[PDB]
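Chemist: Build me a structure from this.
(2 chains, ligands or ions: 7)
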Amino acid sequence: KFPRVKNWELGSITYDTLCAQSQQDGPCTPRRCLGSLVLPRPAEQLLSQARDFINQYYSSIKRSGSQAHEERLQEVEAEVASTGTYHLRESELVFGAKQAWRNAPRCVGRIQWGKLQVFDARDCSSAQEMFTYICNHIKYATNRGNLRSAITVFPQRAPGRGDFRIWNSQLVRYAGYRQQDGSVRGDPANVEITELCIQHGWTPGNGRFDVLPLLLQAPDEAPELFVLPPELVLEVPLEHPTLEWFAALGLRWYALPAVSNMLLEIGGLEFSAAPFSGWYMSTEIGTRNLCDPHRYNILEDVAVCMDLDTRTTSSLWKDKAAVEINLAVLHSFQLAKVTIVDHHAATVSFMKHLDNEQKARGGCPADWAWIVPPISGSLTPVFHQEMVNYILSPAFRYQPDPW
Amino acid sequence: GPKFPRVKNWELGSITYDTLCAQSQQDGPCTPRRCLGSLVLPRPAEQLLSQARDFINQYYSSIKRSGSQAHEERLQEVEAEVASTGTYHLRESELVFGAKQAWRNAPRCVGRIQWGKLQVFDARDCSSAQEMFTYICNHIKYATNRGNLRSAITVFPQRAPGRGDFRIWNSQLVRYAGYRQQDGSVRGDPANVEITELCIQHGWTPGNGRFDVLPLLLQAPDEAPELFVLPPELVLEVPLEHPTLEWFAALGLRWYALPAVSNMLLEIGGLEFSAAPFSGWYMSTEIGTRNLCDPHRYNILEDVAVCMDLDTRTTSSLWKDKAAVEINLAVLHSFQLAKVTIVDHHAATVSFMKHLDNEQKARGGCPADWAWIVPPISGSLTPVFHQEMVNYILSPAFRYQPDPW
Ligand code: HEM
Ligand code: HEM
Ligand SMILES: Cc1cc(N)nc(C[C@@H]2CNC[C@@H]2OCCN[C@H](C)Cc2cccc(F)c2)c1
Ligand SMILES: Cc1cc(N)nc(C[C@@H]2CNC[C@@H]2OCCN[C@H](C)Cc2cccc(F)c2)c1
Ligand SMILES: C[C@H](O)[C@H](O)[C@H]1CNc2nc(N)[nH]c(=O)c2N1
Ligand SMILES: C[C@H](O)[C@H](O)[C@H]1CNc2nc(N)[nH]c(=O)c2N1
Ligand SMILES: [Zn+2]
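Modeler: Numbering: from 1, shown residues only, chains lettered A, B, ... in the order given. Ligands and ions are numbered 1, 2, ... in the order given. Shown next is the structure:
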C-alpha cells in the first residue's frame, strides 16, 4: 500500500503516503513498467475535481470547514449545475498554479515552488492581447538577468469553442532551417515551427541562433505572427574560463526558459495557454541543447578544438568536451549576471525539497529519469535516492500540437 | 496501432512495439496509481509444474521441436518426476539453455549482446564446501584467461525440499575488505564491512590495507559456512595509472579484473539454484564512477580533484565532473595497458542498441531497466539515454536473494 523509499548513499528510509491522493492513472501496470516513456499513449466528474480543489484551497489558507469554504463550494455547485462549468477566483488560480508546479514530477527546481508570480490574463480576447501579455511576462521574468519565476494564465478551455494556444513550445527558441543537402542550419528541434512561421509570412534569417517569432492563436482563428522585440530577449554569448578559442565558436543561448505549450489543469478546469518560466539548469543548455546528436551536436567540433583523439571512444573525448561545454555555460551566465544553476547545486536543493515535502505532505511525486542530470548522474545525490512517481492535481499536462 | 507498448527512440525518431512483454508471468512493483520503477529492491506441486511446463516449452521452441514426440515425452517425464518426488531435474542442454536465457532476460544488464557466448559449467554434482572451492577456482581460472576474459557461470545443486541451500556468502567472488576504524571511518571498501566482520568471526586473520582481497565463505547444505582463501596468483588485478597525469599512479589505486556476481538466485522452470556465480568483464564506469567515486564507497573525487588542483570549494567549477572523467579514463587506460578486457560506456551502450534491434527481430522486444542501462556519467552522451525501454520480468531469471546470515 505505502511504498518504502530508500536512499542508498545514506541508508535512510521514508514511506510515501502522499501517493494515496492520486486520482489519475499513469502508464505502468504490474505486468510492465513504462516509467521511461516520455509521453502517455459529465458534470459529476468536473464537480468532484472542483470540490477536491476547493477543499485543497481552503485547507491551504487554514479555513477548512469555515463559512467562506461552505459558500464557495455552493457557488461552484450552482455554477456547474447551470452552465456545465465554473470559474476560479484569482487567489484560487494563484494557489493552483503553485500547486501544479509543486506537483510536477519531472521538475528538479521545485524548492522554488512557493515563489511564483502569477499574471492573470483570463481577460484576454485576442492574439494581439496575448502578445502584449507575453511581452510583459518576458520583461518581468527577465529582470535584467535577475530571473524571477512567473506564469501568465490565458482564458480556460470552453465546451463550445477552440482553444487559446501558443504554437511555440517555448516563448524563446532558435530557428531550424532545413538546407538543400538535408543538413540543418540552427536548431533541428524547431524545423517544423520554423517552416510554419515562414508559411504564415515571416521573413527568416539564416543564422544559427535566429530568435523565432510567436504564432499565437485565439479561438477558431488562424494563428497570428508576432515578432519579439530584440531588446526583450536577453541572450548570453558563450565563452570559456580558460579556453580562448571557445568564444570564436560564436555559440550563445537565451536567458529565459519559458514553456508555452503545456496545459494547466486546476480543479478540472483546463488552461490551454499558460506559459511559465523560471531559470535554466546549466545541463539543459550545455549537455542537451548543444551536445545531443539531434540538436546542435557540437561535441565533435569542440573536441577537435581541444585537440583530443576523436578516433576511439576510449579516450573519452565526448565526456571531456561535454564538461568543458557545461563549464563554458556556467561561466558565461555568471559573467553576464544571469541566473543559472548547476546540476550539483540543483540536485542538492532537490534533496532538501524531498525532505520538506516528506514533512509537509508525506511524500513527493518524482520521476527519477528526469530528475537525474544528463551528465554525472551518480555524482549527484538524486541518483542514489529512490523515487515514487504518480499524478497529483493541479497539474501540468503535455498537449497535442495545434496543427 | 497495436495493443502493445509503443517504444520510441528520440534521437532517431524510430518506433517499435513490444510484444514480448505478453510473455511475462510475474508482476513487478508498478501499478497504474504509481511507478516504483526506480526501486532497487522491489518485493507446491501446482505452481511448480506449470512453471516447469513453460520452461520445457521454451526449450523445445528454441530447438524448433514444439509439438513433437520428444517434446511431449519430456513434458510427461517432468510431470511424472514432480508427481513422485515433488521436484525434477534439468537435462544438461536444458541447463545450458536456461542459464543463457536468464542472462538474456536480465533487464539491468547492458552487456547482453554477448548473451549467446556463455561458458556454462555444470557443478550439480558438487557435494561439499571444499568442492565448491575447487569449482570456484576453476571458474576464476577459466574466466580470467590471463586477461582475455571469458563469460562463464558455474551452477551448483538446486534447492531441495527440507534440505539446506548451497550458498556463497560473498556477494562477488572477488571483493575488497572494509575495516571499521575507531575513527568511525572505513579503511578499504565500505560496502563490504559486514562480510569482512563475518570473515574475521569465522577465523580469518585480516589485513590492514585499502585493497585486501576477501576470503570466500562457502556453505554446503546444513553446514556452517567454511572459509577459503583464494591463492593470490588466481586473482588478477590492474594497478591504476593515468595516461598523462603522472601522479595518479602514485595514489596506489587498483582494481580486480574479474567481475563475478555470487549471491544471485538462478531460477529455471521453477527450480532454484541458490549458488550459481556468474562472471563477465567490466564496463569501465562501474569501477571509475561507482566503486571509486560513490560517497559511500571509496569516495576519491575530492582527493583526485585536489591533485588536479581544481576549485573544490564551489559546485560550479565542475570539479566533481572533471575528476570523475580522469578517474574513468585512468580505469580504461590501465586495463588496456595491462591487456585485461574492459569496455567503455560508449562502446557498451552502442552495442546494447544493436542488441535491442536484434531482440526486436528475434522475440519482439527486450526488457530493460532504463535507470540501470544508462551509465552513471555522461548519460545523454550515450545512445541508450534517448531510447524508451519497457521493463518486465521474464523467466529464466536471476533474482536477488536475502543474505544468508
Ligand atoms: C525556478 C527555476 C527552475 C528550474 C532550475 C527548473 C528545472 C527543471 C528541469 C531541469 C526540468 C527538466 C528539463 C528538461 O530536460 O526538459 C524541468 C521540468 C519541468 N518544470 Fe521546472 N524548473 C524551474 C522552474 C519551474 C517553474 C516556474 C515551473 C512552472 C511554474 C516549472 C515546471 C516544470 C514542469 C511542468 C516541467 C516538465 C516539463 C516537460 O515535461 O516538458 N519549473 N524543470
Ligand atoms: C560480458 C560482459 C558483461 C558486461 C559488460 C556486463 C555489464 C553489466 C553492467 C554494467 C551491469 C550493471 C551493474 C551495476 O551497476 O551493478 C550489469 C548487471 C547485470 N548483469 Fe551483466 N554484463 C556482462 C556479462 C554478464 C553475464 C555473464 C551475466 C550472467 C550470466 C550478466 C548478468 C547480469 C545481471 C543478472 C545483472 C543485474 C545485477 C544486479 O541486479 O545487481 N552479465 N551487467
Ligand atoms: C514531447 C515532449 C514531452 C514532454 N513532456 N516534454 C517535452 C519537452 C522536452 C523535454 N526536454 C527538452 C524538451 O523541452 C524543453 C523544456 N525544457 C524547459 C526549458 C525546462 C525548464 C527549465 C528551467 C525552467 C523552466 F521553467 C522549465 C517534449
Ligand atoms: C541490494 C542489491 C540489489 C541488486 N539487484 N543488486 C545489488 C548489487 C549492487 C547493484 N549495483 C552495484 C552493486 O552490485 C555490484 C554488481 N556489479 C557487478 C560487477 C555487475 C557485473 C558487471 C559485469 C559483469 C558481470 F557478470 C556483472 C544490490
Ligand atoms: C527516453 C528518455 O525517457 C528520455 O530521453 C528522457 C530521459 N530523461 C530526461 N530528463 C530530463 N530532465 N529531460 C529529458 O528530456 C529527458 N529525456
Ligand atoms: C535509486 C536508484 O534506483 C539506484 O541508485 C540505482 C540507479 N541506477 C543504477 N544503475 C546501475 N547500473 N547500478 C546501480 O547500482 C544503480 N543504482
Ligand atoms: Zn513503472
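Chemist: List the contacts of the residue nearest the centre of chain A.
Modeler: By CA atoms, centre = their mean, the mean C-alpha position of chain A lies nearest to residue A:259, the distance being 5.0 Å. Contacts for residue A:259 (CB atoms under 8 Å, 6 or more residues apart in numbering or on different chains) come out as A:169-170, A:275-277. Every residue, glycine included, has its C-beta placed from N, CA and C.
Chemist: What is the nearest of the residues you listed to residue A:195?
Modeler: Nearest to residue A:195 among the contacts of residue A:259: residue A:169, at 14.2 Å, using CB to CB.
Chemist: wait, doesn't that closest one sit right on residue A:193?
Modeler: Yes - in this structure, residue A:169 is within contact of residue A:193 by CB atoms under 8 Å, at 7.2 Å.
Chemist: quick one, which of those two is more surrounded?
Modeler: Taking neighbours as other CB atoms under 10 Å in any protein chain shown, residue A:169 and residue A:193 compare with residue A:193 leading, 21 against 16.
Chemist: from memory that one sits against residue A:173, does it?
Modeler: Yes - contact status for residue A:193 versus residue A:173: in contact at 7.2 Å, counting by CB under 8 Å.
Chemist: Would stretch A:334-353 count as contacting ligand 6?
Modeler: No - remark: stretch A:334-353 sits outside contact range of ligand 6, by CB under 6 Å from any ligand atom, the gap being at least 12.6 Å.
Chemist: Could you tell me which residues within that stretch count as buried?
Modeler: By neighbour count on 16 or more other CB atoms under 10 Å in any protein chain shown, the buried set for stretch A:334-353 is A:334, A:336, A:338-348, A:350-351, A:353.
Chemist: and the two most separated of those?
Modeler: Distance extremes for the buried residues of stretch A:334-353: the farthest pair is A:336 and A:351 at 28.8 Å, using CB to CB.
Chemist: ok and the residue in the stretch 51-200 of chain A nearest ligand 1?
Modeler: Taking CB to the nearest ligand atom as the measure, the point where the stretch 51-200 of chain A comes nearest ligand 1 is residue A:109, at 2.6 Å.
Chemist: burial measure for that residue, as a count.
Modeler: For residue A:109, using other CB under 10 Å, the count is 19.
Chemist: ok, it - contacts?
Modeler: A:278, A:281, A:341, A:346, A:349-350.
Chemist: Return the member of the residues you listed nearest to ligand 7.
Modeler: Each of these was scored against ligand 7 by CB to the ion, and residue A:350 proved nearest at 20.2 Å.
Chemist: how about the nearest residue to that closest one, chain neighbours excluded?
Modeler: The spatial neighbour of residue A:350 that comes closest, neighbours along the chain excluded (CB to CB, 6 or more residues apart in numbering or on different chains), is residue A:108 at 5.1 Å.
Chemist: now do residue A:218
Modeler: With sequence-adjacent residues excluded and distances taken as CB to CB, 6+ apart, residue A:218 is closest to residue A:127, at 4.8 Å.
Chemist: Now do the one you found against residue A:202, distance only.
Modeler: Noted for residue A:127: a distance of 15 Å to residue A:202, by CB to CB, to the nearest Å.
Chemist: who's more crowded, these two?
Modeler: The residue with the greater number of neighbours, taking residue A:127 and residue A:202 and applying other CB under 10 Å, is residue A:127; the counts read 22 against 18.
Chemist: just checking, the more buried one touches residue A:217?
Modeler: Yes - at 6.5 Å, residue A:127 and residue A:217 qualify as touching, with contact defined as CB under 8 Å.
Chemist: Identify the contacts common to these two.
Modeler: Joint contacts of residue A:127 and residue A:217 (CB under 8 Å, 6+ apart) are A:223-224.
Chemist: helix or strand for residue A:193, which one?
Modeler: With the criterion set as DSSP states H and E, the secondary-structure element containing residue A:193 is helix A:191-199.
Chemist: Helices of chain A, start to end?
Modeler: Listed in chain order, the helices of chain A (DSSP state H) span residues A:43-60, A:67-83, A:90-102, A:127-142, A:191-199, A:282-283, A:290-291, A:299-305, A:317-335, A:343-361, A:368-371.
Chemist: The fourth one and ligand 1, any residue contact?
Modeler: No - using CB under 6 Å from any ligand atom, helix A:127-142 never reaches ligand 1; the gap is at least 9.0 Å.
Chemist: helices and strands around that helix, which ones?
Modeler: Helix A:127-142 is packed against strand A:117-120, strand A:150-153, strand A:214-217, strand A:224-226, strand A:258-259, with contacts defined by 3 or more CB pairs under 8 Å, 6 or more residues apart in numbering or on different chains; DSSP states H and E.
Chemist: is the shortest one anywhere near ligand 3?
Modeler: This points to strand A:258-259. Yes - remark: strand A:258-259 sits within contact range of ligand 3 at residue A:259, by CB under 6 Å from any ligand atom.
Chemist: Any residue of that strand touching ligand 5?
Modeler: No - contact check for strand A:258-259 against ligand 5, using CB under 6 Å from any ligand atom: none in range, with a minimum separation of 12.2 Å.
Chemist: thinking again about what came up before, looking at the contacts of residue A:109, which one is closest to ligand 4?
Modeler: Ligand 4 lies nearest to residue A:350 out of these, by CB to the nearest ligand atom, at 22.3 Å.
Chemist: Could you list the contact residues of the stretch 301-403 of chain A toward ligand 3?
Modeler: Within the stretch 301-403 of chain A, the residues that sit near ligand 3 (CB under 6 Å from any ligand atom) are residue A:398.
Chemist: Can you name the residue of the stretch 301-403 of chain A nearest to ligand 5?
Modeler: Among the residues of the stretch 301-403 of chain A, residue A:370 lies nearest to ligand 5; the distance is 3.7 Å by CB to the nearest ligand atom.
Chemist: Could you report the distance from the nearest residue to residue A:296 once chain neighbours are set aside to residue A:35?
Modeler: Closest residue in space to residue A:296, ignoring its immediate chain neighbours: residue A:290 at 4.9 Å, by CB to CB, 6+ apart. Using CB to CB, we find residue A:290 at a distance of 27 Å from residue A:35.
Chemist: Likewise for residue A:282?
Modeler: From residue A:282 over to residue A:35 (counting by CB to CB), the distance is 26 Å.
Chemist: next one: residue A:372
Modeler: Relative to residue A:35, residue A:372 is positioned 13 Å away (CB to CB).
Chemist: likewise residue A:4?
Modeler: When residue A:4 is compared with residue A:35 (using CB to CB), they lie 17 Å apart.
Chemist: Please name the residues that touch residue A:95.
Modeler: With contact set as CB under 8 Å, 6+ apart, residue A:95 has these partners: A:56-57, A:60.
Chemist: For the residues you listed, give me JSON lines that also has distance to ligand 1.
Modeler: Shown next, in JSON lines, are the contacts of residue A:95 (distance: CB to the nearest ligand atom, whole Å):
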{"residue": "A:56", "distance to ligand 1": "17"}
{"residue": "A:57", "distance to ligand 1": "17"}
{"residue": "A:60", "distance to ligand 1": "17"}
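Chemist: Going by distance to residue A:158, which of those wins?
Modeler: Nearest to residue A:158 among the contacts of residue A:95, counting by CB to CB, is residue A:57 at 22.1 Å.
Chemist: pretty sure that closest one contacts residue A:93?
Modeler: No - using CB under 8 Å, residue A:57 and residue A:93 do not qualify as a contacting pair, with a distance of 9.8 Å.
Chemist: beta partners of residue A:151?
Modeler: Using DSSP bridges, the beta-bridge partners of residue A:151 come out as residue A:118, residue A:276.
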